[PDB]
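Here the structure is laid out as structure tokens; the discussion comes afterwards.
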């Protein structure tokens, strides 16, 4: 019950085969010293704090408490409403909506920015052993269909 | 007083009798039987037959049968990408034996293609046939250093005696590898004299190569990654028939003198010898077959591929080498950080890497005892059972004038350090 | 000869996305001479708009009664001249090589830049070109042929051509490349006769007709007149609209049959025949 | 502390002088010395392979681009072509295609310690800026590099056998007679590594961009009957075009001294066509019809021999 309308590194992390929170996607280092990565920190009756960021190859605040988010860097606001087992949510950046469907054995979601950004993340679990993942990235205006598929089996 | 099996349908009852009659039978009633169960307890988990290995029952649990991991990736730029892998345990019905086929495949259209295949057949309680058919691509010196690709097969055979004369792990391992290897220079002309000497332009191309192997390891250390006593000895041979002959020898000896292993003193010795059996020095040995020195997982306090003879700036290996190294570990005396795998580490490495002109073993040991490239430094280590973090601060005592010195901090990560 | 020339246009003209088709409609219109109709008599221009009849994916194809497919404008024109004066003339035996060399230079150096302007220039591709494939192809394939042609031009133009300082750097090295290429063509064309129309002039003028017919075409007309003046751009553009405003009596046009249409049934068959 | 940090190599020895003797014999086997300076003013032309010419006995390179750069270096620096029977001369190296990140090859390796590598694209732009003031010779130079080049490449990828291709475009050993178990696995490279060398050849002069359909049909296992007839139409129109280029070039061979850069490009396509031992329809056409082009390409060569 936290997610940042997590389209980044959750549905574009599924388009390749690759190789107080402390969040880090630290790829690797050198034999001298390097990061290649991410570093995130944070900081009552409300849920608040203040974060940092450093990358290689950003300071803001927090306010959270249906749950509304908040972030003011050198700025993001988002919400997430509870509706039934089917969900919703809106966000803005200073502007897309969320379509979470956390219902069991068919947990999927999609989003749609007020632009040519349409990103659906279908995820079907049709058997208790196997799972299917359909990753739609249909950009109509920039004309790219960046779709991806998937499967995962085990007997 | 009796043994009972439970489950054990994922294999064959008669081939399990080979495992049971070896260690569990002919065991004097309580003489060796408590360890004789513990030998088979660790054997069937490494033969991939038991995922989770008076009366002595056999708690054997089958691993899997399929692990398929397929999936595609379009990008509409004709950037299609697909990948597939499955660790299929083929059923014991219709071959005879415990077999373990693997099929990693990765097709990318703007990346190179991978075809790892494996088939671990288990002949005896102490034998493993491993047939490995591959097609891979990796980068040799650096990302923009050299691009090596390897098509071909590799038959192999292990043998580890579970009963010895004298837990001293001992195994022999033979192999036989046919390989078509393409070497491509992927360094740009902007970084102009790097990988562009006369002997790196000449190594580029294709070659086909049959090789015959051997590897004898006698490990008496009480742990393979975080030891505190006992020695090691690993002896590797290779033979590409009519082309070359390669021999490595590697010793190790760990000893401690304090109560809870507070001072750990290690000592490693490596040495090698590569001969050219190829009809008056025609057919040169490939650059990926010669010995390279330097780096974090080697003589520390130099860069990787940082010692040896050079043509312009390219480390071109050597036909013979020696290396050594001491180490003291101290186990963090800050009054409670102790009992953890974090030691204060003082080392002293060194070695020499030489082309020996292929005449005798008399001049070659004359070349190896002359001008070594030593270093030293103090650092902090972490010794996980499956990893080894090392952050040293190194100083090169003596070196050559064209070594890649790297006299400062150094981060080391791997499994084998010398 | 007897065949069926397949093109890229709709209804009565070639589309502006292919300067080899606009030069080929003008080629067949301008064959009025006695011996220059002899290589055009019975050609049957068809505006099929499907590339799956070609031997290489380009669509001026001359599918000639046997499956003998000749593709591209320069290969067609050289084929028709092998099976042999105002308005389109036949070069002399002593000048067949220079006129082939000027066809090839426009095809590889100048048609590369019109391929850049028609899919790379973000003002032209967004406002004009991506909306132009909606009316040439059928409903499911409105979406891949413009992105494929845009991908083919990026690989073809990356070697000499490539946020405000980013884009105006591209339009400076493009303009240095176009000004160098048109000067090479104009100084080499001026070795043949000048008061006559050749097959290589129709391919150069079909590149100006597209490059000055784009939404960003106003810059190029100012930039070309900084090098070659107005007395030549107003002479070239007067030969271009002379060709656009010509009667279509010499075209023996046709409709595409139900083998050449590029329908969803007739492109899943042609996709299946490729494997 | 920082002062103590600078002195820590307590001895630095001489560099190291021991060399792999088997490597320096292989470089001597592939080097061809340009006859007629210091250590750093010498370049090395890396070519695909070297054929022995029958007439002058020189060691010419087997590609029409590698031979064109070799004759253009012999003219600019006043050299003599190397002899096929091998003091700091220049050199000519038989390299692989894989000694570049471009995988295409004539290259130029200039100097020893400040050693600069000029790639194929950088060479072909250097040799193109030498004719750029003449606007008409730029036209014919673009024609021989596009129409005649695409005919030659398609005859040598498709019409000639793999024993003919790897004779011209590979540094591996020629077959001769299989009498040794070494010769079995040397024959197994030319069967395994034939299609991979053919693919890197089709990336040199943007051939993969002019002929996207017959290069896409290369990188495959089974080619069906539909791809085999589309390719047969493309190759046949590349050849009928290329007869017209060769027939028109017969009037342009009037030389009056040292040959221009176009005469060193005509003479480098004819000399590598007439080295092909198989009747690939270009050797059949040039030996029969363009007899005046064969005699011109021998007259062009013999101001570079001795």
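For neighbour counting, all protein chains shown are included, and Cβ atoms are generated from backbone atoms with ideal geometry for every residue, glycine included. Every number in this text was worked out from the coordinates using simple rules, so none of it is lab data.
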For residue C:257 paired with residue B:260, estimate the spin-label separation in nm (one decimal), with each label point 7 Å from Cα along the Cα-to-Cβ line.
-> 9.2
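Mind checking the mean number of beta-carbon atoms from other chains within 10 Å of the Cβ atoms in B:303-313? Provide the component values of the computation, followed by the final result.
On the way: counts 2, 1, 0, 0, 1, 2, 6, 2, 4, 3, 2.
Mean shielding by partner chains, rounded to a whole number: 2.
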Fewest to most neighbouring Cβ within 10 Å: what's the order for D:123, D:107, C:84?
-> C:84, D:123, D:107
Which values, in whole Å and largest first, are the semi-axes of the equivalent ellipsoid of the range C:1-58 obtained as the square root of 5 times each eigenvalue of the Cα gyration tensor?
-> 21, 13, 9
For the range D:184-209 and the range D:6-24, what is the separation of their Cα centres, given in Å?
-> 39
At the level of C-alpha centres, the distance separating the range C:211-275 and the range A:19-38, in angstrom, is 54
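Once every DSSP H run of n ≥ 4 in the protein assembly as shown is given -39500 (n - 2.57) and the sum is divided by its residues, what mean residue ellipticity at 222 nm do you get, rounded to the nearest 500 deg cm²/dmol? Could you put the intermediate results ahead of the total?
On the way: 28 runs with 293 residues, N = 1154.
It lands at -7500 deg cm²/dmol.
Using DSSP, restrict attention to beta bridges with both residues in the protein assembly as shown and report what percent are antiparallel, rounded to the nearest 5. Each step should come with its number before you reach the end.
Values: 182 of 194 bridges.
Taking every DSSP beta bridge with both residues in the protein assembly as shown, the antiparallel ones total about 95 percent.
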Share (percent) of C-alpha pair distances in the range D:135-289 greater than 28 Å works out to 28
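By how many nm would the segment from residue D:228 to residue D:203 grow when fully extended, if each residue of separation counts as 0.36 nm and the alpha-carbon distance is taken off? Could the numbers behind the result be given before it?
Working: separation 25, 0.36 × 25 = 9.00 nm, distance 2.11 nm.
Length gained, residue D:228 through residue D:203: 6.9 nm.
Let me know the shape class of the range C:1-103, please: from the alpha-carbon gyration tensor, a ≥ b ≥ c as square roots of the eigenvalues, rounded when a/c is under 1.5, otherwise prolate if a/b is greater than b/c, or oblate. Please report the intermediate quantities before stating the final value.
Numbers: a/c = 1.55, a/b = 1.50, b/c = 1.04.
Here the range C:1-103 falls in the prolate category.
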May I have the extent of the alpha carbons of the range B:71-414 along their three principal axes, as whole Å values ordered from largest to smallest?
-> 56, 53, 51
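Which translational diffusion coefficient, to the nearest whole µm²/s, is obtained for chain A from the Stokes-Einstein equation, given a Kirkwood hydrodynamic radius over C-alpha pairs, 10 °C and 1.306 mPa s?
D, rounded to a whole number, is 89 µm²/s.
Relative contact order for the range D:135-289: what percent, with Cα pairs under 8 Å and sequence separation of 6 or more? Please report the intermediate quantities before stating the final value.
Details: 76 pairs, mean separation 56.0, N = 155.
Value for the range D:135-289: 36 percent.
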Would you work out if chain C is rounded, prolate or oblate? Take a ≥ b ≥ c from the square roots of the eigenvalues of the alpha-carbon gyration tensor; rounded if a/c is under 1.5, else prolate when a/b is larger than b/c, oblate otherwise.
-> oblate
Placing each pseudo-label 7 Å from Cα in the direction of the beta carbon, residue A:36 and residue B:17 end up separated by a distance in nanometres of 5.3
Does the protein assembly as shown classify as rounded, prolate or oblate by the C-alpha gyration tensor (a ≥ b ≥ c root eigenvalues; a/c under 1.5 gives rounded; else a/b over b/c gives prolate, otherwise oblate)?
-> prolate
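Out of every Cα-Cα pair in the range B:280-418, what percent are more than 19 Å apart? It would help to have the intermediate numbers written out before the result.
Values: 5205 of 9591 pairs.
Looking at the range B:280-418, the distances longer than 19 Å represent 54 percent of pairs.
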Within a 10 angstrom radius of each residue's Cβ in C:92-101, how many Cβ atoms of other chains show up on average? Whole number is fine.
-> 5
Could you work out how far the C-alpha centroid of the range A:81-149 sits from that of the range B:164-179, in angstrom?
-> 52
Work out the FRET efficiency for residue A:52 and residue B:90 from their Cβ-Cβ distance, taking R0 = 56 Å, and round it to the nearest 0.05.
-> 0.60
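Arrange the peptides B:175-184, B:22-31, B:76-85 so that the one whose residues have, on average, the most other Cβ atoms within 10 Å appears first.
Numbers: B:175-184: 18.1, B:22-31: 12.5, B:76-85: 16.3.
So the order, starting with the most tightly packed, is B:175-184, B:76-85, B:22-31.
Remind me, what semi-axes does the range B:337-418 give for its equivalent ellipsoid, largest first in whole Å, using sqrt of 5 times each Cα gyration tensor eigenvalue? Write out the running numbers ahead of the final one.
Working: eigenvalues 203, 48, 21 Å².
For the range B:337-418, the semi-axes come out at 32, 16, 10 Å.
P(r) tail for chain D, what percent of Cα pairs lie past 36 Å? List each step's numbers first, then the result.
Details: 10624 of 46665 pairs.
Counting every Cα pair in chain D, those more than 36 Å apart make up 23 percent.
For residue D:292 and residue D:256 in the same chain, what is the full-extension length gain: residue separation times 0.36 nm, less their Cα-Cα distance, in nm?
Numbers: separation 36, 0.36 × 36 = 12.96 nm, distance 1.71 nm.
11.2 nm is the gain from fully extending residue D:292 to residue D:256.
Sorted from fewest to most neighbouring beta carbons within 10 Å, what does the list D:126, C:161 look like? Numbers along the way, then the final one.
Values: D:126 13, C:161 20.
Fewest to most other Cβ atoms nearby, the residues stand as D:126, C:161.
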The exposure ranking of C:100, B:273, C:275, fewest beta-carbon neighbours within 10 Å first, is C:275, B:273, C:100
Using a basic spin-label model with each label point 7 Å from the Cα along Cα→Cβ, how many nm lie between residue D:6 and residue C:234?
-> 7.3
Work out the FRET efficiency for residue A:127 and residue D:212 from their Cβ-Cβ distance, taking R0 = 60 Å, and round it to the nearest 0.05.
-> 0.90
